[PDB]
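model25.cif follows (mmCIF, N, CA, C and O atoms):
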```
data_structure
loop_
_atom_site.group_PDB
_atom_site.id
_atom_site.type_symbol
_atom_site.label_atom_id
_atom_site.label_comp_id
_atom_site.auth_asym_id
_atom_site.auth_seq_id
_atom_site.Cartn_x
_atom_site.Cartn_y
_atom_site.Cartn_z
ATOM 1 N N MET A 1 91.384 118.653 80.177
ATOM 2 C CA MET A 1 91.664 117.520 81.057
ATOM 3 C C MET A 1 91.766 116.207 80.283
ATOM 4 O O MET A 1 92.611 115.366 80.607
ATOM 5 N N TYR A 2 90.944 116.018 79.240
ATOM 6 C CA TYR A 2 91.070 114.796 78.440
ATOM 7 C C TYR A 2 92.365 114.772 77.628
ATOM 8 O O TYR A 2 93.004 113.719 77.511
ATOM 9 N N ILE A 3 92.765 115.919 77.071
ATOM 10 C CA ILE A 3 94.030 116.025 76.341
ATOM 11 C C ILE A 3 95.210 115.778 77.276
ATOM 12 O O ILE A 3 96.163 115.072 76.922
ATOM 13 N N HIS A 4 95.137 116.311 78.502
ATOM 14 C CA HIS A 4 96.200 116.095 79.479
ATOM 15 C C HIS A 4 96.271 114.637 79.920
ATOM 16 O O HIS A 4 97.368 114.091 80.083
ATOM 17 N N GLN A 5 95.117 113.984 80.096
ATOM 18 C CA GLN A 5 95.125 112.569 80.450
ATOM 19 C C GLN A 5 95.633 111.698 79.308
ATOM 20 O O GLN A 5 96.334 110.712 79.557
ATOM 21 N N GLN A 6 95.339 112.062 78.055
ATOM 22 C CA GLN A 6 95.895 111.311 76.933
ATOM 23 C C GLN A 6 97.399 111.529 76.807
ATOM 24 O O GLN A 6 98.129 110.603 76.444
ATOM 25 N N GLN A 7 97.880 112.735 77.121
ATOM 26 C CA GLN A 7 99.322 112.976 77.117
ATOM 27 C C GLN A 7 100.018 112.212 78.239
ATOM 28 O O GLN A 7 101.146 111.733 78.061
ATOM 29 N N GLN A 8 99.364 112.077 79.397
ATOM 30 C CA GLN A 8 99.933 111.259 80.467
ATOM 31 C C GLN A 8 99.872 109.772 80.134
ATOM 32 O O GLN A 8 100.711 108.999 80.609
ATOM 33 N N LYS A 9 98.889 109.351 79.331
ATOM 34 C CA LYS A 9 98.856 107.962 78.878
ATOM 35 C C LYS A 9 99.938 107.688 77.840
ATOM 36 O O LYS A 9 100.569 106.626 77.871
ATOM 37 N N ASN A 10 100.161 108.626 76.912
ATOM 38 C CA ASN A 10 101.198 108.437 75.899
ATOM 39 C C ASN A 10 102.593 108.502 76.509
ATOM 40 O O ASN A 10 103.461 107.695 76.162
ATOM 41 N N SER A 11 102.825 109.452 77.421
ATOM 42 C CA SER A 11 104.098 109.497 78.136
ATOM 43 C C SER A 11 104.247 108.319 79.092
ATOM 44 O O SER A 11 105.373 107.940 79.435
ATOM 45 N N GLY A 12 103.136 107.734 79.530
ATOM 46 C CA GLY A 12 103.141 106.542 80.345
ATOM 47 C C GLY A 12 103.235 105.240 79.584
ATOM 48 O O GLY A 12 103.310 104.179 80.212
ATOM 49 N N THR A 13 103.219 105.280 78.252
ATOM 50 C CA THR A 13 103.482 104.079 77.472
ATOM 51 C C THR A 13 104.939 103.660 77.614
ATOM 52 O O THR A 13 105.825 104.469 77.899
ATOM 53 N N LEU A 14 105.174 102.371 77.380
ATOM 54 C CA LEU A 14 106.468 101.766 77.667
ATOM 55 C C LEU A 14 107.540 102.233 76.689
ATOM 56 O O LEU A 14 108.697 102.447 77.081
ATOM 57 N N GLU A 15 107.164 102.428 75.421
ATOM 58 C CA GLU A 15 108.113 102.887 74.412
ATOM 59 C C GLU A 15 108.554 104.321 74.676
ATOM 60 O O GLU A 15 109.737 104.651 74.532
ATOM 61 N N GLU A 16 107.623 105.180 75.095
ATOM 62 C CA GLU A 16 107.978 106.556 75.410
ATOM 63 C C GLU A 16 108.763 106.655 76.712
ATOM 64 O O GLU A 16 109.620 107.538 76.842
ATOM 65 N N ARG A 17 108.513 105.746 77.663
ATOM 66 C CA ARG A 17 109.340 105.679 78.865
ATOM 67 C C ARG A 17 110.770 105.272 78.534
ATOM 68 O O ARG A 17 111.720 105.852 79.069
ATOM 69 N N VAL A 18 110.944 104.295 77.636
ATOM 70 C CA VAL A 18 112.291 103.886 77.237
ATOM 71 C C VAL A 18 112.979 104.977 76.410
ATOM 72 O O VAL A 18 114.191 105.193 76.543
ATOM 73 N N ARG A 19 112.220 105.725 75.600
ATOM 74 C CA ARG A 19 112.812 106.824 74.836
ATOM 75 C C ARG A 19 113.249 107.972 75.746
ATOM 76 O O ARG A 19 114.345 108.526 75.575
ATOM 77 N N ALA A 20 112.417 108.330 76.732
ATOM 78 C CA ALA A 20 112.812 109.342 77.709
ATOM 79 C C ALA A 20 113.960 108.858 78.586
ATOM 80 O O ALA A 20 114.804 109.658 78.997
ATOM 81 N N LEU A 21 114.025 107.547 78.792
ATOM 82 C CA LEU A 21 115.097 106.940 79.562
ATOM 83 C C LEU A 21 116.392 107.139 78.779
ATOM 84 O O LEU A 21 117.401 107.566 79.335
ATOM 85 N N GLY A 22 116.358 106.824 77.485
ATOM 86 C CA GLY A 22 117.522 107.017 76.635
ATOM 87 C C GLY A 22 117.949 108.470 76.559
ATOM 88 O O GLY A 22 119.143 108.770 76.489
ATOM 89 N N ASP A 23 116.983 109.390 76.597
ATOM 90 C CA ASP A 23 117.323 110.811 76.664
ATOM 91 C C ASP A 23 117.992 111.162 77.991
ATOM 92 O O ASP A 23 118.929 111.971 78.026
ATOM 93 N N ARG A 24 117.538 110.541 79.087
ATOM 94 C CA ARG A 24 118.162 110.755 80.392
ATOM 95 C C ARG A 24 119.594 110.236 80.421
ATOM 96 O O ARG A 24 120.488 110.909 80.946
ATOM 97 N N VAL A 25 119.842 109.055 79.849
ATOM 98 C CA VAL A 25 121.218 108.557 79.858
ATOM 99 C C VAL A 25 122.090 109.282 78.834
ATOM 100 O O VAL A 25 123.312 109.340 79.015
ATOM 101 N N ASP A 26 121.499 109.884 77.794
ATOM 102 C CA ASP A 26 122.273 110.771 76.930
ATOM 103 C C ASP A 26 122.664 112.046 77.665
ATOM 104 O O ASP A 26 123.773 112.558 77.481
ATOM 105 N N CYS A 27 121.769 112.561 78.517
ATOM 106 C CA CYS A 27 122.126 113.693 79.369
ATOM 107 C C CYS A 27 123.197 113.318 80.389
ATOM 108 O O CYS A 27 124.078 114.134 80.686
ATOM 109 N N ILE A 28 123.146 112.088 80.914
ATOM 110 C CA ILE A 28 124.180 111.603 81.829
ATOM 111 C C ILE A 28 125.528 111.498 81.117
ATOM 112 O O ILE A 28 126.561 111.915 81.657
ATOM 113 N N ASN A 29 125.532 110.980 79.883
ATOM 114 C CA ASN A 29 126.766 110.870 79.105
ATOM 115 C C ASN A 29 127.318 112.247 78.742
ATOM 116 O O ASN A 29 128.536 112.462 78.783
ATOM 117 N N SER A 30 126.434 113.199 78.427
ATOM 118 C CA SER A 30 126.867 114.555 78.100
ATOM 119 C C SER A 30 127.463 115.259 79.315
ATOM 120 O O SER A 30 128.515 115.903 79.216
ATOM 121 N N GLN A 31 126.816 115.131 80.478
ATOM 122 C CA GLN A 31 127.356 115.743 81.689
ATOM 123 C C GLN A 31 128.634 115.054 82.155
ATOM 124 O O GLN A 31 129.513 115.711 82.725
ATOM 125 N N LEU A 32 128.775 113.749 81.899
ATOM 126 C CA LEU A 32 130.012 113.062 82.254
ATOM 127 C C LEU A 32 131.145 113.451 81.312
ATOM 128 O O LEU A 32 132.311 113.468 81.721
ATOM 129 N N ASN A 33 130.825 113.758 80.051
ATOM 130 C CA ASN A 33 131.834 114.312 79.154
ATOM 131 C C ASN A 33 132.188 115.746 79.531
ATOM 132 O O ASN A 33 133.320 116.185 79.299
ATOM 133 N N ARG A 34 131.232 116.490 80.098
ATOM 134 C CA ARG A 34 131.539 117.819 80.621
ATOM 135 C C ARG A 34 132.424 117.747 81.862
ATOM 136 O O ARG A 34 133.259 118.634 82.075
ATOM 137 N N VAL A 35 132.248 116.715 82.692
ATOM 138 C CA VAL A 35 133.154 116.505 83.821
ATOM 139 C C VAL A 35 134.532 116.082 83.320
ATOM 140 O O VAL A 35 135.561 116.603 83.768
ATOM 141 N N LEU A 36 134.569 115.154 82.368
ATOM 142 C CA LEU A 36 135.820 114.708 81.765
ATOM 143 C C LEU A 36 136.403 115.812 80.885
ATOM 144 O O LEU A 36 137.620 115.972 80.800
ATOM 145 N N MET B 1 100.999 86.497 102.115
ATOM 146 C CA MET B 1 101.860 85.913 101.088
ATOM 147 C C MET B 1 101.303 86.133 99.683
ATOM 148 O O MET B 1 102.072 86.383 98.749
ATOM 149 N N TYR B 2 99.974 86.080 99.510
ATOM 150 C CA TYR B 2 99.412 86.355 98.184
ATOM 151 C C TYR B 2 99.564 87.825 97.791
ATOM 152 O O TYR B 2 99.857 88.129 96.627
ATOM 153 N N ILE B 3 99.376 88.742 98.745
ATOM 154 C CA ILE B 3 99.575 90.170 98.494
ATOM 155 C C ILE B 3 101.035 90.457 98.161
ATOM 156 O O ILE B 3 101.336 91.226 97.238
ATOM 157 N N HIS B 4 101.962 89.800 98.868
ATOM 158 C CA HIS B 4 103.384 89.980 98.592
ATOM 159 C C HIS B 4 103.768 89.418 97.228
ATOM 160 O O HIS B 4 104.566 90.028 96.507
ATOM 161 N N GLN B 5 103.196 88.271 96.845
ATOM 162 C CA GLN B 5 103.473 87.722 95.522
ATOM 163 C C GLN B 5 102.876 88.581 94.413
ATOM 164 O O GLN B 5 103.498 88.729 93.356
ATOM 165 N N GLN B 6 101.708 89.190 94.643
ATOM 166 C CA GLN B 6 101.159 90.102 93.642
ATOM 167 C C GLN B 6 101.982 91.381 93.544
ATOM 168 O O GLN B 6 102.137 91.932 92.450
ATOM 169 N N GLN B 7 102.531 91.855 94.665
ATOM 170 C CA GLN B 7 103.414 93.020 94.616
ATOM 171 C C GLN B 7 104.723 92.699 93.901
ATOM 172 O O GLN B 7 105.270 93.552 93.190
ATOM 173 N N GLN B 8 105.235 91.476 94.065
ATOM 174 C CA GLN B 8 106.425 91.076 93.315
ATOM 175 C C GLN B 8 106.116 90.866 91.836
ATOM 176 O O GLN B 8 107.001 91.038 90.991
ATOM 177 N N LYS B 9 104.877 90.489 91.504
ATOM 178 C CA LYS B 9 104.490 90.397 90.098
ATOM 179 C C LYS B 9 104.332 91.777 89.470
ATOM 180 O O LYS B 9 104.736 91.984 88.322
ATOM 181 N N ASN B 10 103.741 92.729 90.202
ATOM 182 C CA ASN B 10 103.575 94.081 89.671
ATOM 183 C C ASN B 10 104.912 94.801 89.550
ATOM 184 O O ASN B 10 105.166 95.476 88.547
ATOM 185 N N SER B 11 105.780 94.666 90.557
ATOM 186 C CA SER B 11 107.126 95.225 90.455
ATOM 187 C C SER B 11 107.966 94.484 89.422
ATOM 188 O O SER B 11 108.924 95.050 88.884
ATOM 189 N N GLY B 12 107.627 93.231 89.135
ATOM 190 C CA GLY B 12 108.267 92.459 88.095
ATOM 191 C C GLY B 12 107.717 92.669 86.704
ATOM 192 O O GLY B 12 108.253 92.094 85.750
ATOM 193 N N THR B 13 106.654 93.459 86.553
ATOM 194 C CA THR B 13 106.192 93.834 85.224
ATOM 195 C C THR B 13 107.195 94.763 84.554
ATOM 196 O O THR B 13 107.968 95.468 85.207
ATOM 197 N N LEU B 14 107.147 94.769 83.223
ATOM 198 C CA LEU B 14 108.163 95.442 82.425
ATOM 199 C C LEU B 14 108.049 96.959 82.528
ATOM 200 O O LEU B 14 109.070 97.663 82.566
ATOM 201 N N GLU B 15 106.819 97.473 82.606
ATOM 202 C CA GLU B 15 106.606 98.913 82.721
ATOM 203 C C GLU B 15 107.093 99.441 84.065
ATOM 204 O O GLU B 15 107.706 100.513 84.133
ATOM 205 N N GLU B 16 106.858 98.688 85.140
ATOM 206 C CA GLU B 16 107.333 99.106 86.451
ATOM 207 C C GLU B 16 108.843 98.955 86.582
ATOM 208 O O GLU B 16 109.476 99.748 87.290
ATOM 209 N N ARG B 17 109.436 97.977 85.886
ATOM 210 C CA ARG B 17 110.893 97.877 85.834
ATOM 211 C C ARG B 17 111.505 99.071 85.112
ATOM 212 O O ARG B 17 112.513 99.621 85.566
ATOM 213 N N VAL B 18 110.897 99.502 84.001
ATOM 214 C CA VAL B 18 111.404 100.672 83.283
ATOM 215 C C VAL B 18 111.179 101.956 84.087
ATOM 216 O O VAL B 18 112.028 102.857 84.079
ATOM 217 N N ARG B 19 110.078 102.039 84.844
ATOM 218 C CA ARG B 19 109.844 103.214 85.685
ATOM 219 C C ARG B 19 110.837 103.285 86.844
ATOM 220 O O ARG B 19 111.377 104.362 87.143
ATOM 221 N N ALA B 20 111.109 102.148 87.497
ATOM 222 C CA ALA B 20 112.128 102.115 88.541
ATOM 223 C C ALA B 20 113.522 102.354 87.974
ATOM 224 O O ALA B 20 114.368 102.949 88.645
ATOM 225 N N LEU B 21 113.717 101.962 86.720
ATOM 226 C CA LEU B 21 114.978 102.178 86.033
ATOM 227 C C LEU B 21 115.155 103.683 85.860
ATOM 228 O O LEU B 21 116.215 104.229 86.157
ATOM 229 N N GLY B 22 114.110 104.352 85.374
ATOM 230 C CA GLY B 22 114.153 105.796 85.211
ATOM 231 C C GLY B 22 114.363 106.522 86.526
ATOM 232 O O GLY B 22 115.041 107.550 86.574
ATOM 233 N N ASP B 23 113.806 105.982 87.613
ATOM 234 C CA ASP B 23 114.076 106.548 88.934
ATOM 235 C C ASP B 23 115.536 106.355 89.337
ATOM 236 O O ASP B 23 116.142 107.248 89.944
ATOM 237 N N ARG B 24 116.120 105.203 88.982
ATOM 238 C CA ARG B 24 117.534 104.956 89.255
ATOM 239 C C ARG B 24 118.433 105.909 88.476
ATOM 240 O O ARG B 24 119.399 106.445 89.031
ATOM 241 N N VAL B 25 118.126 106.153 87.200
ATOM 242 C CA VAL B 25 118.973 107.080 86.449
ATOM 243 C C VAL B 25 118.703 108.534 86.835
ATOM 244 O O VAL B 25 119.595 109.376 86.678
ATOM 245 N N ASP B 26 117.522 108.848 87.384
ATOM 246 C CA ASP B 26 117.319 110.170 87.968
ATOM 247 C C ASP B 26 118.147 110.340 89.235
ATOM 248 O O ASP B 26 118.684 111.424 89.489
ATOM 249 N N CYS B 27 118.275 109.273 90.032
ATOM 250 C CA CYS B 27 119.173 109.314 91.184
ATOM 251 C C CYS B 27 120.633 109.435 90.758
ATOM 252 O O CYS B 27 121.412 110.131 91.421
ATOM 253 N N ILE B 28 121.010 108.785 89.651
ATOM 254 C CA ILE B 28 122.363 108.914 89.111
ATOM 255 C C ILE B 28 122.627 110.344 88.643
ATOM 256 O O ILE B 28 123.689 110.914 88.924
ATOM 257 N N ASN B 29 121.651 110.957 87.961
ATOM 258 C CA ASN B 29 121.792 112.338 87.501
ATOM 259 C C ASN B 29 121.851 113.312 88.677
ATOM 260 O O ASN B 29 122.631 114.272 88.653
ATOM 261 N N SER B 30 121.066 113.053 89.727
ATOM 262 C CA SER B 30 121.080 113.908 90.911
ATOM 263 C C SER B 30 122.411 113.812 91.653
ATOM 264 O O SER B 30 122.979 114.833 92.057
ATOM 265 N N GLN B 31 122.932 112.593 91.823
ATOM 266 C CA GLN B 31 124.223 112.434 92.486
ATOM 267 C C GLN B 31 125.371 112.967 91.635
ATOM 268 O O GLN B 31 126.363 113.461 92.183
ATOM 269 N N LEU B 32 125.248 112.911 90.304
ATOM 270 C CA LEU B 32 126.282 113.480 89.448
ATOM 271 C C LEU B 32 126.234 115.003 89.468
ATOM 272 O O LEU B 32 127.271 115.657 89.317
ATOM 273 N N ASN B 33 125.044 115.583 89.647
ATOM 274 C CA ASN B 33 124.956 117.025 89.857
ATOM 275 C C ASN B 33 125.478 117.419 91.234
ATOM 276 O O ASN B 33 125.991 118.531 91.405
ATOM 277 N N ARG B 34 125.345 116.530 92.224
ATOM 278 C CA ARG B 34 125.954 116.777 93.528
ATOM 279 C C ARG B 34 127.477 116.698 93.465
ATOM 280 O O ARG B 34 128.162 117.427 94.193
ATOM 281 N N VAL B 35 128.020 115.818 92.619
ATOM 282 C CA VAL B 35 129.465 115.789 92.401
ATOM 283 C C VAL B 35 129.911 117.040 91.650
ATOM 284 O O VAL B 35 130.900 117.687 92.018
ATOM 285 N N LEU B 36 129.176 117.409 90.605
ATOM 286 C CA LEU B 36 129.465 118.618 89.840
ATOM 287 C C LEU B 36 129.133 119.857 90.670
ATOM 288 O O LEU B 36 129.812 120.879 90.576
#
```

Hey, can you dump this file as structure tokens for me?
Amino acid sequence: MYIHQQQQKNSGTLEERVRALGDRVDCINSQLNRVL
Amino acid sequence: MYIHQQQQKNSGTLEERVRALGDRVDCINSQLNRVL
């Protein structure tokens, strides 16, 4: 439970949120290239 | 009015803006999967 809470704190940090955000928009760009 | 201003300050924080941003791009990915 402590390891899981630290992982939720690290994934809840702002830099990791922006990095996962960038991964999400890379997935959006990849799927839009698959549509195109 | 003080509760509303504190809610606008919390929603105006940078971490909550990035979290709502990630929710917006999750909605974009969901609607693009609905198009696909």

Counting only C-alpha atoms, which residues from chain B have an atom at most 12 Å from any atom of chain A, and could you show them as a short mmCIF file (atom, residue, chain, number, x, y, z; two decimals) with N, CA, C and O atoms, keeping the file's coordinate frame?
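Once written, out-v4.cif looks like this:
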```
data_model
loop_
_atom_site.label_atom_id
_atom_site.label_comp_id
_atom_site.auth_asym_id
_atom_site.auth_seq_id
_atom_site.Cartn_x
_atom_site.Cartn_y
_atom_site.Cartn_z
N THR B 13 106.65 93.46 86.55
CA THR B 13 106.19 93.83 85.22
C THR B 13 107.20 94.76 84.55
O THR B 13 107.97 95.47 85.21
N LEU B 14 107.15 94.77 83.22
CA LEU B 14 108.16 95.44 82.42
C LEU B 14 108.05 96.96 82.53
O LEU B 14 109.07 97.66 82.57
N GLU B 15 106.82 97.47 82.61
CA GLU B 15 106.61 98.91 82.72
C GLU B 15 107.09 99.44 84.06
O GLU B 15 107.71 100.51 84.13
N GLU B 16 106.86 98.69 85.14
CA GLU B 16 107.33 99.11 86.45
C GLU B 16 108.84 98.96 86.58
O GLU B 16 109.48 99.75 87.29
N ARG B 17 109.44 97.98 85.89
CA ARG B 17 110.89 97.88 85.83
C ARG B 17 111.50 99.07 85.11
O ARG B 17 112.51 99.62 85.57
N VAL B 18 110.90 99.50 84.00
CA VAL B 18 111.40 100.67 83.28
C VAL B 18 111.18 101.96 84.09
O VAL B 18 112.03 102.86 84.08
N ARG B 19 110.08 102.04 84.84
CA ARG B 19 109.84 103.21 85.68
C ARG B 19 110.84 103.28 86.84
O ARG B 19 111.38 104.36 87.14
N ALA B 20 111.11 102.15 87.50
CA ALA B 20 112.13 102.12 88.54
C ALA B 20 113.52 102.35 87.97
O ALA B 20 114.37 102.95 88.64
N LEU B 21 113.72 101.96 86.72
CA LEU B 21 114.98 102.18 86.03
C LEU B 21 115.16 103.68 85.86
O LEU B 21 116.22 104.23 86.16
N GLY B 22 114.11 104.35 85.37
CA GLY B 22 114.15 105.80 85.21
C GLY B 22 114.36 106.52 86.53
O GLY B 22 115.04 107.55 86.57
N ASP B 23 113.81 105.98 87.61
CA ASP B 23 114.08 106.55 88.93
C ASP B 23 115.54 106.36 89.34
O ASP B 23 116.14 107.25 89.94
N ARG B 24 116.12 105.20 88.98
CA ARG B 24 117.53 104.96 89.26
C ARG B 24 118.43 105.91 88.48
O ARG B 24 119.40 106.44 89.03
N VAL B 25 118.13 106.15 87.20
CA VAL B 25 118.97 107.08 86.45
C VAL B 25 118.70 108.53 86.84
O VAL B 25 119.60 109.38 86.68
N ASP B 26 117.52 108.85 87.38
CA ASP B 26 117.32 110.17 87.97
C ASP B 26 118.15 110.34 89.24
O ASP B 26 118.68 111.42 89.49
N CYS B 27 118.28 109.27 90.03
CA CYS B 27 119.17 109.31 91.18
C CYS B 27 120.63 109.44 90.76
O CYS B 27 121.41 110.13 91.42
N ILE B 28 121.01 108.78 89.65
CA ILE B 28 122.36 108.91 89.11
C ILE B 28 122.63 110.34 88.64
O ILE B 28 123.69 110.91 88.92
N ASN B 29 121.65 110.96 87.96
CA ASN B 29 121.79 112.34 87.50
C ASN B 29 121.85 113.31 88.68
O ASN B 29 122.63 114.27 88.65
N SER B 30 121.07 113.05 89.73
CA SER B 30 121.08 113.91 90.91
C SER B 30 122.41 113.81 91.65
O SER B 30 122.98 114.83 92.06
N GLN B 31 122.93 112.59 91.82
CA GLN B 31 124.22 112.43 92.49
C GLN B 31 125.37 112.97 91.64
O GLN B 31 126.36 113.46 92.18
N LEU B 32 125.25 112.91 90.30
CA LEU B 32 126.28 113.48 89.45
C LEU B 32 126.23 115.00 89.47
O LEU B 32 127.27 115.66 89.32
N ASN B 33 125.04 115.58 89.65
CA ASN B 33 124.96 117.02 89.86
C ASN B 33 125.48 117.42 91.23
O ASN B 33 125.99 118.53 91.40
N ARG B 34 125.34 116.53 92.22
CA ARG B 34 125.95 116.78 93.53
C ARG B 34 127.48 116.70 93.46
O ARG B 34 128.16 117.43 94.19
N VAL B 35 128.02 115.82 92.62
CA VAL B 35 129.46 115.79 92.40
C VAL B 35 129.91 117.04 91.65
O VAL B 35 130.90 117.69 92.02
N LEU B 36 129.18 117.41 90.60
CA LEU B 36 129.46 118.62 89.84
C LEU B 36 129.13 119.86 90.67
O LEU B 36 129.81 120.88 90.58
#
```

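Put simply, atom O of residue 8 (chain A) is 18.2 Å away from atom O of residue 11 (chain B).
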
What is the distance, in Å and to one decimal place, between atom C of residue 6 (chain B) and atom C of residue 5 (chain A)?
-> 25.6 Å
